[PDB]
Amino acid sequence: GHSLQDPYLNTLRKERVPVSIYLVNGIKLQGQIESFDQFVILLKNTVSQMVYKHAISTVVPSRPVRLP
Amino acid sequence: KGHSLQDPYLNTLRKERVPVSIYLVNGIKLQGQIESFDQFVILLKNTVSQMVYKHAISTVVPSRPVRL
Amino acid sequence: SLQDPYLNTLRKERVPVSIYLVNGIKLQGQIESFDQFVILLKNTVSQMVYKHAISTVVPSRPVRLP
Amino acid sequence: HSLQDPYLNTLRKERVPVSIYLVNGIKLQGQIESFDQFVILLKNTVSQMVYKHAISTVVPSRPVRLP
Amino acid sequence: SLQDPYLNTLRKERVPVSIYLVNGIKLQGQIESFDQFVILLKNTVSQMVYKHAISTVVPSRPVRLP
Amino acid sequence: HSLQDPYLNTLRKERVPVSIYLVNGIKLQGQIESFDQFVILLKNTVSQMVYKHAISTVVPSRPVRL
Ligand SMILES: O=c1ccn([C@@H]2O[C@H](COP(=O)(O)OP(=O)(O)OP(=O)(O)O)[C@@H](O)[C@H]2O)c(=O)[nH]1
Ligand SMILES: O=c1ccn([C@@H]2O[C@H](COP(=O)(O)OP(=O)(O)OP(=O)(O)O)[C@@H](O)[C@H]2O)c(=O)[nH]1
Ligand SMILES: O=c1ccn([C@@H]2O[C@H](COP(=O)(O)OP(=O)(O)OP(=O)(O)O)[C@@H](O)[C@H]2O)c(=O)[nH]1
Ligand SMILES: O=c1ccn([C@@H]2O[C@H](COP(=O)(O)OP(=O)(O)OP(=O)(O)O)[C@@H](O)[C@H]2O)c(=O)[nH]1
Ligand SMILES: O=c1ccn([C@@H]2O[C@H](COP(=O)(O)OP(=O)(O)OP(=O)(O)O)[C@@H](O)[C@H]2O)c(=O)[nH]1
Ligand SMILES: O=c1ccn([C@@H]2O[C@H](COP(=O)(O)OP(=O)(O)OP(=O)(O)O)[C@@H](O)[C@H]2O)c(=O)[nH]1
């Protein structure tokens with residue numbers, strides 16, 4: 001179901017891992033994951049922007065991450 | 001489309017009438033205040049309003065920080 | 001909920017609109033009719049427009065909104 | 001679907017030449033042979049199955065009268 | 001309802017097909033199998049193609065629908 | 001859905017080198033670490049999470065069981 005996505009985003013959230021989010025148009029967003037629901041992710045930097053998952057290509061952490 | 005934190009976040013932006021930038025999947029940038037929204041669309045006000053499809057939005061960026 | 005009556009007002013009141021497509025294309029006309037997935041837009045040429053291909057709908061004048 | 005289906009159906013029955021514009025800007029042409037909930041079968045000069053999700057607009061060569 | 005038999009007929013008759021992606025890339029091969037969301041397109045190796053990425057499917061020779 | 005899963009699982013368990021082509025034309029290379037209904041974790045020098053909706057095609061570097 002969400003058995004990979006949730007713990008992945010959640011781990012990045014709890015550990016405040018700096019991430020780069022890449023959009024399908026090729027824009028690179030940067031910050032940390034503040035929050036997420038089944039459709040969006042709140043990306044924190046200057047302010048917290050809301051990113052639609054449907055617009056995301058990849059999420060790439062700035063360092064390796066242990067899934068729980 | 002409509003879920004656990006997208007709604008409260010968008011509702012907050014509506015209620016506090018915070019100017020936002022809305023970036024579309026094709027890179028175009030819209031600006032305005034969120035008048036209202038449902039599961040699929042968002043009404044964005046300036047001269048006349050405009051109905052923006054959620055499916056075409058990549059990110060919503062508030063002009064100043066905001067509390068969730 | 002919000003989409004349907006908003007389109008309906010534009011339809012019922014014959015309001016000229018610009019429909020911008022996700023690829024940048026700007027279509028113009030008046031909304032003849034619509035359903036859950038498409039919008040039929042007339043004048044110049046008539047055409048059936050998929051909603052999934054639309055980014056925004058911009059009326060040529062302010063609209064009653066509720 | 002109360003608009004889409006009879007619209008395509010009429011185009012289908014009356015063999016109306018149509019131009020189908022893809023979301024990527026490409027124009028397909030021909031007549032509709034059949035369709036279902038997700039695809040459209042387009043015939044003649046080039047015969048081919050089109051996914052609805054890649055379609056932006058269907059522009060018939062002449063307006064259609066709905067039943 | 002029409003997608004299935006069209007793809008099955010192309011499959012069973014080993015018709016070589018051209019699959020155009022929404023980004024404009026053209027893939028070529030034979031349909032090995034398929035399900036609700038993807039198509040397995042056979043050639044050098046078999047690649048998995050997401051339907052959501054496909055714009056058109058064009059057979060190299062005419063298909064007789066059953 | 002009955003076909004995407006076993007295919008990905010095979011690539012995963014045999015740790016087969018793969019290229020993943022995104023809907024925007026970008027090519028990613030690596031190996032499938034894991035996956036669920038919506039995302040694929042792609043391993044390499046830097047691991048990353050890839051939404052299926054952004055993928056056009058998965059292409060293994062060698063032929064695989066089907
Ligand atoms: O922003 C969020 C945060 C959390 N969740 C979801 O909430 C559920 C619980 O998320 P938690 O992170 O609260 O679980 P936890 O008990 O491990 O956290 P701590 O109390 O130890 O800090 C998880 O299933 C996660 O997917 C979200 O969906 N979005
Ligand atoms: O345009 C809108 C407005 C509101 N809503 C949704 O309607 C629900 C009620 O939204 P409200 O914001 O009106 O309820 P509230 O009680 O929080 O407001 P106040 O009395 O404090 O003024 C909320 O869940 C909101 O997300 C929309 O979905 N779209
Ligand atoms: O092309 C259309 C027209 C109308 N409708 C939908 O069909 C329903 C009936 O559409 P009507 O246009 O008959 O409703 P009405 O005039 O009675 O509405 P009010 O003046 O009372 O506001 C409305 O809910 C509309 O959203 C469509 O779905 N497509
Ligand atoms: O390729 C097709 C053809 C037809 N149909 C759908 O099959 C149904 C039967 O379509 P028909 O064309 O066989 O019946 P009809 O139009 O004479 O009947 P009415 O629509 O006047 O009631 C119609 O609802 C049509 O939309 C498809 O879904 N795909
Ligand atoms: O790779 C495949 C092959 C087949 N199928 C689907 O499984 C069902 C059985 O497909 P078959 O092709 O095994 O049935 P059959 O030999 O009796 O040929 P038809 O009567 O279907 O013409 C058909 O509905 C087909 O669409 C797939 O979904 N994927
Ligand atoms: O990253 C993964 C790995 C595995 N899976 C899926 O979860 C299940 C894990 O199953 P496994 O691949 O670990 O074992 P198996 O099914 O071959 O062995 P049995 O348990 O059937 O005896 C399989 O159904 C696989 O498709 C994922 O969804 N994501």
Side-chain angles (χ1 to χ4, degrees), chain B residues 53, chain C residues 4 7-8 10-11 14 16-23 25-54 57, chain D, chain E residues 1-7 9-10 17-20 22 51-52 54-59 62-66:
Chain B
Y53 283 88
Chain C
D4 298 351
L7 288 180
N8 212 26
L10 297 163
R11 182 194 66 85
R14 282 171 173 175
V17 309
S18 300
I19 296 172
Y20 288 96
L21 299 177
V22 299
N23 56 10
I25 308 297
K26 176 169 174 174
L27 307 175
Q28 285 187 131
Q30 305 170 0
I31 291 160
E32 181 63 29
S33 42
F34 61 89
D35 58 29
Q36 194 200 12
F37 292 119
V38 302
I39 292 174
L40 175 58
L41 174 75
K42 289 190 168 293
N43 249 19
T44 322
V45 76
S46 48
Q47 59 196 132
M48 181 181 71
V49 183
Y50 283 89
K51 281 173 170 186
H52 64 235
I54 307 186
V57 177
Chain D
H1 257 276
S2 45
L3 170 61
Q4 180 182 191
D5 285 25
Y7 191 87
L8 293 174
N9 208 31
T10 301
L11 289 163
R12 179 186 70 87
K13 285 179 170 170
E14 305 189 9
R15 303 175 179 80
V16 189
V18 304
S19 295
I20 302 190
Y21 289 84
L22 300 195
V23 64
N24 62 19
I26 290 172
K27 178 159 82 174
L28 312 171
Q29 287 177 286
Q31 288 132 67
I32 286 167
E33 173 119 81
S34 44
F35 61 90
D36 56 28
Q37 184 183 350
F38 292 124
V39 303
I40 292 179
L41 184 49
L42 196 63
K43 285 294 168 183
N44 305 321
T45 173
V46 40
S47 155
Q48 53 172 332
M49 181 178 69
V50 183
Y51 282 90
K52 283 179 178 180
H53 61 241
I55 297 175
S56 56
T57 60
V58 178
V59 188
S61 52
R62 65 173 184 66
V64 290
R65 204 211 309 166
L66 296 180
Chain E
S1 170
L2 155 72
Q3 184 188 0
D4 283 352
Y6 189 84
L7 285 185
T9 295
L10 286 173
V17 185
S18 294
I19 297 181
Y20 295 88
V22 295
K51 288 184 182 178
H52 64 239
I54 301 171
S55 59
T56 60
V57 169
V58 191
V63 183
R64 172 123 287 175
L65 271 320

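Naming convention: chains lettered A, B, ... in sequence-line order (proteins, then strands); numbering from 1 in each chain. As a basis for the values below, the full set of heavy atoms in this structure was taken, side chains included, without hydrogen atoms, waters or symmetry mates.
- Crowding of C:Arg14 atom CZ: a count of heavy atoms from other residues, nucleotides or ligands under 6.0 Å not exceeding 12.
- At distances below 3.5 Å, not a single donor-acceptor pair connects side-chain atoms of C:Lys51 with backbone N or O atoms of C:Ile39.
- A pairwise comparison of heavy atoms in D:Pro67 and D:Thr10 identifies CD-OG1, 3.8 Å as the closest pair.
- Of all non-hydrogen atoms in D:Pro60 and D:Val16, the two that sit nearest each other are CB-CG1, 4.3 Å.
- The shortest side-chain heavy-atom distance between E:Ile54 and E:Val22 does not fall under the 4.5 Å cut-off.
- A donor-acceptor pair under 3.5 Å is formed between the side chain of E:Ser55 and the backbone N or O of E:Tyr20.
- Rounding to the nearest 0.5 Å places CD of C:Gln30 at 9.5 Å from OG1 of C:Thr44.
- Looking only at distances, no side-chain donor or acceptor of D:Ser34 sits under 3.5 Å from a matching main-chain atom of D:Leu41.
- The shortest distance between side-chain heavy atoms of D:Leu28 and D:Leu22 falls below 4.5 Å.
- With a 4.5 Å cut-off on side-chain heavy atoms, C:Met48 and D:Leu3 do not count as touching.
- Using a 4.5 Å cut-off on side-chain heavy atoms (C-beta onward), E:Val57 and E:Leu10 make contact.
- Here the straight-line distance linking atom CD of D:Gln29 with atom CG of D:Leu42 works out to 9.0 Å at 0.5 Å rounding.
- Within the model, atoms CD1 of C:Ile25 and OG1 of D:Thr57 stand 9.0 Å from one another, a figure rounded to the nearest 0.5 Å.
- Using a 4.5 Å heavy-atom cutoff, the side chains of C:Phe34 and C:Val49 are not in contact.
- What you find for D:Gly25 and C:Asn23 is that their closest heavy atoms are N-ND2, 4.2 Å.
- For the pair C:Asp35 (side chain) and D:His1 (backbone), a donor-acceptor distance under 3.5 Å is present.
- Checked by atom type and distance alone, the side chain of D:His53 never pairs as donor or acceptor with a backbone atom of D:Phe38 at under 3.5 Å.
- Residue D:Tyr7 holds its OH atom at 9.0 Å from CD1 of D:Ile32, rounded to the nearest 0.5 Å.
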